[PDB]
file target24.txt (compact mmCIF, C-alpha atoms)
# COMPACT_ATOMS: atom_id res chain seq x y z
CA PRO Q 2 0.00 0.00 0.00
CA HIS Q 3 1.51 3.32 -1.06
CA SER Q 4 -0.77 6.00 0.50
CA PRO Q 5 -1.13 6.25 4.28
CA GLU Q 6 -4.82 5.41 4.20
CA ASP Q 7 -4.09 2.22 2.28
CA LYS Q 8 -1.27 1.29 4.68
CA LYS Q 9 -3.65 2.03 7.51
CA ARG Q 10 -6.50 -0.15 6.38
CA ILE Q 11 -4.27 -3.07 5.51
CA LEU Q 12 -2.52 -2.97 8.94
CA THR Q 13 -6.02 -2.97 10.47
CA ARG Q 14 -6.90 -6.21 8.56
CA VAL Q 15 -3.62 -7.85 9.61
CA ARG Q 16 -4.12 -7.06 13.32
CA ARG Q 17 -7.63 -8.55 13.11
CA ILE Q 18 -6.16 -11.73 11.65
CA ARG Q 19 -3.38 -11.85 14.24
CA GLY Q 20 -6.14 -11.80 16.86
CA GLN Q 21 -7.94 -14.71 15.16
CA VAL Q 22 -4.74 -16.70 14.87
CA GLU Q 23 -3.94 -16.05 18.57
CA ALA Q 24 -7.47 -17.13 19.59
CA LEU Q 25 -7.03 -20.24 17.49
CA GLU Q 26 -3.66 -21.09 19.09
CA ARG Q 27 -5.25 -20.69 22.54
CA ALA Q 28 -8.05 -23.07 21.65
CA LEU Q 29 -5.56 -25.72 20.48
CA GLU Q 30 -3.50 -25.49 23.67
CA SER Q 31 -6.59 -25.37 25.86
CA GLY Q 32 -8.10 -28.41 24.17
CA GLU Q 33 -11.21 -26.73 22.78
CA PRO Q 34 -13.55 -28.85 20.57
CA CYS Q 35 -12.55 -29.99 17.08
CA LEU Q 36 -15.62 -28.30 15.63
CA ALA Q 37 -14.69 -24.88 17.01
CA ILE Q 38 -11.12 -25.31 15.73
CA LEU Q 39 -12.32 -26.12 12.23
CA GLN Q 40 -14.58 -23.05 12.29
CA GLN Q 41 -11.80 -20.71 13.44
CA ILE Q 42 -9.45 -21.94 10.74
CA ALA Q 43 -12.21 -21.33 8.18
CA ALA Q 44 -12.53 -17.77 9.46
CA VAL Q 45 -8.78 -17.28 9.08
CA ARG Q 46 -8.91 -18.67 5.52
CA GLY Q 47 -11.76 -16.30 4.59
CA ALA Q 48 -9.94 -13.29 6.08
CA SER Q 49 -6.63 -14.18 4.46
CA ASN Q 50 -8.42 -14.47 1.08
CA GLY Q 51 -10.17 -11.15 1.65
CA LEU Q 52 -6.84 -9.53 2.55
CA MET Q 53 -5.18 -10.94 -0.54
CA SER Q 54 -7.98 -9.50 -2.82
CA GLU Q 55 -7.75 -6.02 -1.33
CA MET Q 56 -3.97 -6.12 -1.51
CA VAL Q 57 -3.91 -7.30 -5.16
CA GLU Q 58 -6.16 -4.35 -6.13
CA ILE Q 59 -4.10 -1.83 -4.22
CA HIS Q 60 -0.89 -3.11 -5.77
CA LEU Q 61 -2.22 -3.10 -9.35
CA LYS Q 62 -3.77 0.31 -8.93
CA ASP Q 63 -0.55 1.74 -7.37
CA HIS Q 64 1.96 0.22 -9.80
CA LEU Q 65 0.10 -0.43 -13.07
CA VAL Q 66 -2.54 2.31 -13.20
CA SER Q 67 -1.13 5.42 -11.43
CA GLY Q 68 1.85 7.49 -12.54
CA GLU Q 69 3.12 8.70 -15.90
CA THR Q 70 4.92 5.39 -16.43
CA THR Q 71 6.30 3.58 -19.48
CA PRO Q 72 5.23 0.11 -20.76
CA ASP Q 73 8.75 -1.13 -19.97
CA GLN Q 74 8.40 -0.02 -16.38
CA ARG Q 75 4.97 -1.60 -16.11
CA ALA Q 76 6.29 -4.85 -17.62
CA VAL Q 77 8.89 -5.22 -14.86
CA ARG Q 78 6.17 -4.47 -12.34
CA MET Q 79 3.86 -7.03 -13.90
CA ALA Q 80 6.56 -9.70 -13.92
CA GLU Q 81 7.19 -9.25 -10.16
CA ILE Q 82 3.55 -10.06 -9.48
CA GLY Q 83 3.03 -12.67 -12.19
CA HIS Q 84 4.21 -15.56 -10.07
CA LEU Q 85 2.04 -14.38 -7.18
CA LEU Q 86 -1.03 -14.14 -9.41
CA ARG Q 87 -0.75 -17.52 -11.10
CA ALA Q 88 -0.66 -19.10 -7.64
CA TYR Q 89 -3.74 -17.10 -6.58
CA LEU Q 90 -5.89 -19.39 -8.77
CA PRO V 2 -6.44 -12.17 -26.01
CA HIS V 3 -5.24 -9.50 -28.47
CA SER V 4 -2.52 -11.26 -30.52
CA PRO V 5 -3.41 -14.15 -32.84
CA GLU V 6 -1.14 -16.50 -30.95
CA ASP V 7 -2.83 -15.65 -27.66
CA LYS V 8 -6.30 -16.06 -29.19
CA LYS V 9 -5.14 -19.40 -30.52
CA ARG V 10 -3.91 -21.00 -27.29
CA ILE V 11 -6.94 -19.89 -25.35
CA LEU V 12 -9.31 -21.33 -27.99
CA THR V 13 -7.16 -24.45 -27.69
CA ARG V 14 -7.77 -24.58 -23.90
CA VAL V 15 -11.55 -23.93 -24.29
CA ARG V 16 -11.95 -26.75 -26.84
CA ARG V 17 -10.21 -29.11 -24.36
CA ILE V 18 -12.73 -28.12 -21.69
CA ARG V 19 -15.63 -28.51 -24.10
CA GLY V 20 -14.45 -32.10 -24.65
CA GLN V 21 -14.42 -32.75 -20.89
CA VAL V 22 -17.80 -31.14 -20.36
CA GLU V 23 -19.19 -33.26 -23.26
CA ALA V 24 -17.73 -36.47 -21.82
CA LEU V 25 -19.09 -35.60 -18.37
CA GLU V 26 -22.60 -35.01 -19.75
CA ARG V 27 -22.26 -38.40 -21.45
CA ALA V 28 -21.25 -40.10 -18.16
CA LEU V 29 -24.30 -38.60 -16.42
CA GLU V 30 -26.69 -39.82 -19.13
CA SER V 31 -24.97 -43.19 -19.24
CA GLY V 32 -25.31 -43.74 -15.50
CA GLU V 33 -21.58 -44.16 -14.99
CA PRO V 34 -20.30 -44.57 -11.39
CA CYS V 35 -20.54 -41.56 -9.07
CA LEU V 36 -16.82 -41.49 -8.24
CA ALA V 37 -15.83 -41.05 -11.89
CA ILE V 38 -18.27 -38.14 -12.25
CA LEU V 39 -16.84 -36.51 -9.14
CA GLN V 40 -13.39 -36.99 -10.73
CA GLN V 41 -14.41 -35.60 -14.14
CA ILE V 42 -15.96 -32.65 -12.34
CA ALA V 43 -12.73 -32.10 -10.48
CA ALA V 44 -10.77 -32.07 -13.73
CA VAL V 45 -13.14 -29.47 -15.23
CA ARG V 46 -12.77 -27.27 -12.15
CA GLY V 47 -8.99 -27.64 -12.46
CA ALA V 48 -8.93 -26.67 -16.17
CA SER V 49 -11.38 -23.84 -15.64
CA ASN V 50 -9.04 -22.45 -12.92
CA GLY V 51 -5.96 -22.79 -15.11
CA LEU V 52 -7.82 -21.10 -17.98
CA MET V 53 -8.75 -18.22 -15.67
CA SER V 54 -5.15 -17.65 -14.44
CA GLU V 55 -3.74 -17.56 -17.93
CA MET V 56 -6.45 -15.24 -19.26
CA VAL V 57 -6.07 -12.84 -16.32
CA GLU V 58 -2.35 -12.62 -17.15
CA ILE V 59 -2.94 -12.04 -20.86
CA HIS V 60 -5.53 -9.37 -20.17
CA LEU V 61 -3.28 -7.55 -17.65
CA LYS V 62 -0.41 -7.70 -20.10
CA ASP V 63 -2.45 -6.43 -23.02
CA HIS V 64 -4.41 -3.66 -21.26
CA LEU V 65 -2.24 -2.58 -18.30
CA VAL V 66 1.33 -3.14 -19.48
CA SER V 67 1.41 -2.79 -23.29
CA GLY V 68 0.62 0.38 -25.23
CA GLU V 69 1.53 4.04 -24.73
CA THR V 70 -1.48 4.62 -22.48
CA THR V 71 -2.40 7.33 -19.96
CA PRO V 72 -3.10 6.62 -16.25
CA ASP V 73 -6.73 7.56 -16.99
CA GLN V 74 -7.01 4.88 -19.65
CA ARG V 75 -5.60 2.28 -17.30
CA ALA V 76 -8.02 3.19 -14.52
CA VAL V 77 -11.06 2.56 -16.75
CA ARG V 78 -9.48 -0.73 -17.81
CA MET V 79 -8.68 -1.62 -14.22
CA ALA V 80 -12.24 -0.84 -13.09
CA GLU V 81 -13.72 -3.02 -15.84
CA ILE V 82 -12.03 -6.01 -14.28
CA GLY V 83 -11.79 -5.01 -10.64
CA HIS V 84 -14.99 -6.90 -10.02
CA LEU V 85 -13.73 -10.05 -11.74
CA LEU V 86 -10.55 -9.99 -9.68
CA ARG V 87 -12.35 -9.56 -6.35
CA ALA V 88 -14.59 -12.44 -7.45
CA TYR V 89 -11.52 -14.44 -8.45
CA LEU V 90 -10.51 -14.52 -4.75
CA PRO M 2 -25.13 -38.70 -7.77
CA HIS M 3 -27.36 -41.64 -6.87
CA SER M 4 -30.93 -40.33 -6.50
CA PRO M 5 -32.97 -39.02 -9.45
CA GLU M 6 -33.43 -35.67 -7.68
CA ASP M 7 -29.69 -35.19 -7.27
CA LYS M 8 -29.01 -36.57 -10.77
CA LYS M 9 -31.26 -34.07 -12.55
CA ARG M 10 -29.79 -31.08 -10.72
CA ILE M 11 -26.17 -32.01 -11.56
CA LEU M 12 -26.86 -32.59 -15.27
CA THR M 13 -28.67 -29.25 -15.38
CA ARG M 14 -25.51 -27.59 -14.05
CA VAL M 15 -23.38 -29.34 -16.64
CA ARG M 16 -25.64 -28.42 -19.56
CA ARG M 17 -25.50 -24.84 -18.27
CA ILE M 18 -21.70 -25.10 -18.27
CA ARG M 19 -21.78 -26.69 -21.76
CA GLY M 20 -23.65 -23.66 -23.04
CA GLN M 21 -21.33 -21.14 -21.46
CA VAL M 22 -18.33 -22.95 -22.84
CA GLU M 23 -19.84 -23.09 -26.36
CA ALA M 24 -20.59 -19.36 -26.20
CA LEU M 25 -17.01 -18.80 -25.14
CA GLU M 26 -15.70 -20.90 -28.00
CA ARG M 27 -18.00 -18.80 -30.31
CA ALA M 28 -16.68 -15.47 -29.02
CA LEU M 29 -13.07 -16.72 -29.52
CA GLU M 30 -13.79 -17.95 -33.08
CA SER M 31 -15.52 -14.65 -33.94
CA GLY M 32 -12.70 -12.50 -32.52
CA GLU M 33 -14.64 -10.58 -29.82
CA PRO M 34 -13.03 -8.21 -27.24
CA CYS M 35 -10.70 -9.48 -24.52
CA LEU M 36 -12.94 -8.13 -21.81
CA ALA M 37 -15.98 -10.13 -22.99
CA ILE M 38 -13.86 -13.24 -23.21
CA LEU M 39 -12.32 -12.69 -19.77
CA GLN M 40 -15.81 -12.22 -18.30
CA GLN M 41 -17.17 -15.50 -19.69
CA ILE M 42 -14.11 -17.48 -18.66
CA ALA M 43 -14.66 -16.04 -15.15
CA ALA M 44 -18.33 -17.17 -15.27
CA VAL M 45 -17.27 -20.62 -16.35
CA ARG M 46 -14.65 -20.86 -13.56
CA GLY M 47 -17.30 -19.78 -11.04
CA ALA M 48 -19.78 -22.34 -12.41
CA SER M 49 -17.07 -24.98 -12.27
CA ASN M 50 -16.56 -24.33 -8.55
CA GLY M 51 -20.25 -24.33 -7.69
CA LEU M 52 -20.57 -27.65 -9.45
CA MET M 53 -17.55 -29.12 -7.59
CA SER M 54 -19.20 -28.12 -4.28
CA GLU M 55 -22.65 -29.52 -5.11
CA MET M 56 -21.04 -32.75 -6.20
CA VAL M 57 -18.76 -33.07 -3.14
CA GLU M 58 -21.72 -32.63 -0.79
CA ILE M 59 -23.66 -35.25 -2.75
CA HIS M 60 -20.81 -37.76 -2.69
CA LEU M 61 -20.15 -37.32 1.06
CA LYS M 62 -23.83 -37.72 1.93
CA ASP M 63 -24.34 -40.77 -0.34
CA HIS M 64 -21.22 -42.72 0.65
CA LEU M 65 -20.24 -41.43 4.10
CA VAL M 66 -23.56 -40.58 5.74
CA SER M 67 -26.20 -42.85 4.23
CA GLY M 68 -26.16 -46.62 4.72
CA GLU M 69 -25.34 -48.87 7.68
CA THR M 70 -21.62 -48.93 6.94
CA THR M 71 -18.53 -49.98 8.87
CA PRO M 72 -15.70 -47.55 9.56
CA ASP M 73 -13.61 -49.71 7.18
CA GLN M 74 -16.06 -49.22 4.34
CA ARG M 75 -16.11 -45.49 5.03
CA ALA M 76 -12.31 -45.34 5.18
CA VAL M 77 -11.98 -46.73 1.65
CA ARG M 78 -14.65 -44.36 0.29
CA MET M 79 -13.07 -41.43 2.07
CA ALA M 80 -9.61 -42.13 0.72
CA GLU M 81 -10.66 -42.18 -2.94
CA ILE M 82 -12.06 -38.68 -2.39
CA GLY M 83 -9.51 -37.08 -0.06
CA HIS M 84 -6.93 -35.73 -2.49
CA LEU M 85 -9.74 -34.04 -4.44
CA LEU M 86 -10.85 -32.16 -1.34
CA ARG M 87 -7.30 -31.00 -0.64
CA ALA M 88 -7.08 -29.46 -4.14
CA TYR M 89 -10.51 -27.84 -3.78
CA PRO P 2 -8.10 -32.90 15.89
CA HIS P 3 -8.37 -35.96 18.15
CA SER P 4 -5.00 -37.77 18.11
CA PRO P 5 -1.88 -36.19 19.61
CA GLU P 6 -0.04 -36.34 16.29
CA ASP P 7 -2.86 -34.62 14.45
CA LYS P 8 -2.95 -32.11 17.32
CA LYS P 9 0.80 -31.41 17.17
CA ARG P 10 0.94 -30.95 13.44
CA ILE P 11 -1.99 -28.49 13.37
CA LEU P 12 -0.51 -26.45 16.22
CA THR P 13 2.81 -26.39 14.31
CA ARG P 14 0.94 -24.99 11.30
CA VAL P 15 -0.82 -22.33 13.36
CA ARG P 16 2.44 -21.23 15.02
CA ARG P 17 4.13 -20.83 11.63
CA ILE P 18 1.11 -18.75 10.52
CA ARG P 19 1.42 -16.69 13.64
CA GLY P 20 5.01 -16.01 12.69
CA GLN P 21 4.15 -14.87 9.17
CA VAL P 22 1.37 -12.66 10.36
CA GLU P 23 3.64 -11.02 12.96
CA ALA P 24 6.33 -10.55 10.33
CA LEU P 25 3.71 -9.00 8.06
CA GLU P 26 2.45 -6.76 10.86
CA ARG P 27 6.11 -5.68 11.28
CA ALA P 28 6.69 -4.80 7.61
CA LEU P 29 3.55 -2.58 7.63
CA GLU P 30 4.54 -0.76 10.84
CA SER P 31 8.04 -0.17 9.45
CA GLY P 32 6.82 1.13 6.08
CA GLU P 33 8.43 -1.54 3.84
CA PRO P 34 7.77 -1.65 0.04
CA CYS P 35 4.40 -2.70 -1.42
CA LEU P 36 5.78 -5.73 -3.21
CA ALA P 37 7.22 -7.29 -0.01
CA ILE P 38 3.89 -6.93 1.72
CA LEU P 39 1.90 -8.43 -1.18
CA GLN P 40 4.32 -11.38 -1.16
CA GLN P 41 3.94 -11.96 2.60
CA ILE P 42 0.18 -11.61 2.35
CA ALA P 43 0.22 -14.14 -0.49
CA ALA P 44 2.23 -16.65 1.63
CA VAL P 45 -0.21 -16.24 4.50
CA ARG P 46 -3.18 -16.86 2.15
CA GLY P 47 -1.41 -19.99 0.91
CA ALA P 48 -0.72 -21.18 4.43
CA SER P 49 -4.27 -20.49 5.57
CA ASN P 50 -5.51 -22.61 2.69
CA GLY P 51 -3.19 -25.52 3.41
CA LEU P 52 -4.23 -25.48 7.07
CA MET P 53 -7.96 -25.48 6.17
CA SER P 54 -7.30 -28.42 3.91
CA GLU P 55 -5.45 -30.46 6.54
CA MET P 56 -8.05 -29.69 9.17
CA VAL P 57 -10.96 -30.65 6.89
CA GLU P 58 -9.30 -34.01 6.20
CA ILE P 59 -8.72 -34.54 9.93
CA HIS P 60 -12.29 -33.60 10.81
CA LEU P 61 -13.83 -35.84 8.09
CA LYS P 62 -11.77 -38.84 9.15
CA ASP P 63 -12.38 -38.43 12.89
CA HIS P 64 -16.14 -37.73 12.78
CA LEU P 65 -17.37 -39.30 9.51
CA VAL P 66 -15.04 -42.27 9.12
CA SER P 67 -13.93 -43.38 12.56
CA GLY P 68 -16.22 -44.74 15.26
CA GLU P 69 -19.15 -47.14 15.22
CA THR P 70 -21.67 -44.43 14.41
CA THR P 71 -25.20 -44.46 13.00
CA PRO P 72 -26.05 -42.64 9.77
CA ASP P 73 -28.14 -40.32 11.98
CA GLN P 74 -25.09 -39.40 13.99
CA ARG P 75 -23.10 -38.90 10.83
CA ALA P 76 -25.84 -36.72 9.31
CA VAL P 77 -25.67 -34.27 12.21
CA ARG P 78 -21.87 -34.22 12.05
CA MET P 79 -21.91 -33.80 8.28
CA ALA P 80 -24.36 -30.90 8.29
CA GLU P 81 -22.20 -28.96 10.77
CA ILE P 82 -19.40 -29.07 8.21
CA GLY P 83 -21.30 -28.79 4.94
CA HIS P 84 -21.39 -24.98 4.70
CA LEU P 85 -17.64 -24.82 5.36
CA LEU P 86 -16.99 -27.22 2.50
CA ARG P 87 -19.15 -25.25 0.07
CA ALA P 88 -17.32 -21.98 0.81
CA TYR P 89 -14.00 -23.83 0.65
call {"tool": "encode", "arguments": {"input": "target24.txt", "output": "structure tokens"}}
result
Amino acid sequence: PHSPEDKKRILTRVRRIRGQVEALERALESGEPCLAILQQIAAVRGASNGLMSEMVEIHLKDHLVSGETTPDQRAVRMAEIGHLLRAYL
Amino acid sequence: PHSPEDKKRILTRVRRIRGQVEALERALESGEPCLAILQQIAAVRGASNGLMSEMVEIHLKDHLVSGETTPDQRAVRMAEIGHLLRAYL
Amino acid sequence: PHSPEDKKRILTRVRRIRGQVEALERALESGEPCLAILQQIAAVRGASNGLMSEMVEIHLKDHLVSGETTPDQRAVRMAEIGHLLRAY
Amino acid sequence: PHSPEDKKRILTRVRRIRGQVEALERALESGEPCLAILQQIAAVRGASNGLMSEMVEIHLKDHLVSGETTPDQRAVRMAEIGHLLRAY
């Protein structure tokens, strides 16, 4: 995220997830039911996906859309993400 | 896909999928075992995913990287597919 | 799918997919815009997933839930399906 | 997870996720480049997915396969998980 507001809202998502992952680690140590564990992991998966989507859009918008850039510059930028994107599906 | 070669290899992938979807429809009519159908379905999901990844990459290369475009042009192009990408994950 | 009710609803999904894929093949043959093509491929991927889901739930219910089975019988049936679930 | 080995290996996955998320939280606080962050976020998505996968397989084996259960018991257990599978 380039702009402060983007940085801000991504950090907010990450701290939420950290909290979920901490709650999940507690439940494993404390021997909480298998069902609950499965549910918590599903919540973490959903939130990680959601974070990935927002972050992909921010990155593309910041590096491929904005700025009086050249196609050569944007090609390098696209290549850096290409591996990430293939994996995303 | 803009270039003829890109159009060609996507059409090639789609025809492959058509073949699978045709075979699967056959297996359903023919009362073939459930496991096989589940498998054939899994292969179609797999090829559909792979087709998506590749097309996303081609589209991003053709509309966001290539061409002496303005940031305004790229924003319209990015918005046209923003929804697809969110949906893609 | 075992039951007629589950068998109709799966075929209906496939024929729907068939149609989308033929339309997609048509748009590629006719040289239509990238955007249109991207959008249909995305609709086909989505329909592929929905179908995978409906079919997984059917298979689990038919082979793991229904029937007075032994854990051994269910272990075999589960194993043939497990790798698929991992990929999904 | 029921067995100690399935319990250890899931905890090990969660702790590694914990680590990645704290590392990610760190890069954001410190103002590191966009690309690094996208990459770390992508590794966490990947790890979340793998964990979901492993846990689904563990849950299905422990509650649908193992144990002299009735189809009625398995139906209740299956329904509790069905939604999760669809979204997955």
call {"tool": "residues_around", "arguments": {"input": "target24.txt", "residues": "residue 7 of chain P", "least_positions_apart": "6", "cutoff": "12 Å", "atoms": "all atoms listed in the file", "output": "list in words"}}
result
residues 29 and 35 of chain Q; 13, 14, 52, 55, 56, 57, 58, 59, 60, 62 and 63 of chain P
call {"tool": "closest_residue", "arguments": {"input": "target24.txt", "among": "P:4, P:49, P:54, P:67", "to": "residue 22 of chain P", "atoms": "all atoms listed in the file"}}
result
P:49
call {"tool": "atom_distance", "arguments": {"input": "target24.txt", "atom1": "atom CA of residue 6 of chain P", "atom2": "atom CA of residue 31 of chain Q"}}
result
16.0 Å
call {"tool": "interface_residues", "arguments": {"input": "target24.txt", "of": "chain Q", "to": "chain V", "cutoff": "8 Å", "atoms": "only C-alpha atoms", "output": "list in words"}}
result
residues 50, 51, 53, 54, 55, 58, 62, 65, 66, 67, 68, 69, 71, 72, 73, 75, 76, 79, 83, 86, 87, 89 and 90 of chain Q
call {"tool": "closest_atom_pairs", "arguments": {"input": "target24.txt", "of": "chain P", "to": "chain M", "cutoff": "6 Å", "atoms": "only C-alpha atoms", "output": "Markdown table"}}
result
| residue | atom | partner | partner_atom | distance |
| --- | --- | --- | --- | --- |
| P:54 | CA | M:87 | CA | 5.2 |
| P:66 | CA | M:75 | CA | 5.3 |
| P:67 | CA | M:72 | CA | 5.4 |
| P:72 | CA | M:66 | CA | 5.2 |
| P:75 | CA | M:66 | CA | 5.4 |
| P:76 | CA | M:66 | CA | 5.7 |
| P:87 | CA | M:54 | CA | 5.2 |
call {"tool": "atom_distance", "arguments": {"input": "target24.txt", "atom1": "atom CA of residue 16 of chain M", "atom2": "atom CA of residue 11 of chain V"}}
result
21.4 Å
call {"tool": "atom_distance", "arguments": {"input": "target24.txt", "atom1": "atom CA of residue 42 of chain P", "atom2": "atom CA of residue 34 of chain Q"}}
result
28.6 Å
call {"tool": "residues_around", "arguments": {"input": "target24.txt", "residues": "segment 32-34 of chain P", "least_positions_apart": "3", "cutoff": "9 Å", "atoms": "all atoms listed in the file", "output": "count of residues only"}}
result
8
call {"tool": "residues_around", "arguments": {"input": "target24.txt", "residues": "residue 27 of chain V", "least_positions_apart": "2", "cutoff": "12 Å", "atoms": "only C-alpha atoms", "output": "list in words"}}
result
residues 20, 21, 22, 23, 24, 25, 29, 30, 31, 32, 33, 34, 37, 38 and 41 of chain V; 12, 15, 16 and 19 of chain M
call {"tool": "closest_residue", "arguments": {"input": "target24.txt", "among": "P:10, P:30, P:3, P:35", "to": "residue 63 of chain Q", "atoms": "only C-alpha atoms"}}
result
P:35
